[PDB]
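One structure below.
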Amino acid sequence: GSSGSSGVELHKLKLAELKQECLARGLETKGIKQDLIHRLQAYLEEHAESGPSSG
């Protein structure tokens with residue numbers, strides 16, 4: 002409505018948060034912050050729910 006935030010970003014999440022997400026998903030919680038995020042994004046894009054059909 003006002004002064005709100007529409008859209009979640011992994012970056013915002015801390016190292017502990019990123020690792021937690023990977024654990025629940027069942028991915029490798031190894032590497033650094035970038036490693037966790039990169040893996041999360043790759044998985045999201047691959048296991049995309051809605052079609053990319055943009056426009």
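One rule links them: number in our numbering = place in the sequence shown (from 1) + 1.
Note that CB positions come from ideal geometry on N, CA and C, so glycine has one too.
If you look at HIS39, you'll find it in the alpha helix (DSSP H) that goes 34–47. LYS31 carries a coil assignment under DSSP once its states are collapsed to helix, strand and coil. Under a 10 Å Cβ-count criterion, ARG40 is classified as buried, with 16 or more other Cβ atoms of the shown protein chains found around its own Cβ. Residue burial annotation: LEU45 is exposed, with fewer than 16 other C-beta atoms found within 10 angstroms of its C-beta.
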